[PDB]
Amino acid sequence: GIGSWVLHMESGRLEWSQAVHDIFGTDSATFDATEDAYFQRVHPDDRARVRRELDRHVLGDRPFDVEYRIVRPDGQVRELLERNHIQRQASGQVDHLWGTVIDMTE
């Protein structure tokens, strides 16, 4: 059926539902699951794309919007739109955020 799984990054240690083994054709009691081992089951034509897709989604920019009101010093209240980008270093920790801010009060 649907296999549950958990990867521990720091160690690469991998945990697999019996469902997952059935899917991969591996053997529960014996097959020691690690990220590196997982990638050997991955079709060779696919290994490289899957690494880039993981990285893109996990380390790369996942944009997003926040709307909020601000208060000018003269008490004026503006509706802004903030477009947010995330910049992560190798580790995954935010290095910086950046983006635009649009005054929508029109």
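One rule holds for the numbers: they count along the sequence shown, beginning at 1.
Two stretches are in play, 67 to 75 and 48 to 56, and the higher mean C-alpha B-factor belongs to 67 to 75. In the PDB entry, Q89 places in the highest third of its chain by CA B-factor. Among all modelled residues in its chain, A29 ranks in the highest third by Cα B-factor. Looking at the C-alpha B-factors along this chain, the one for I23 belongs to the middle third.
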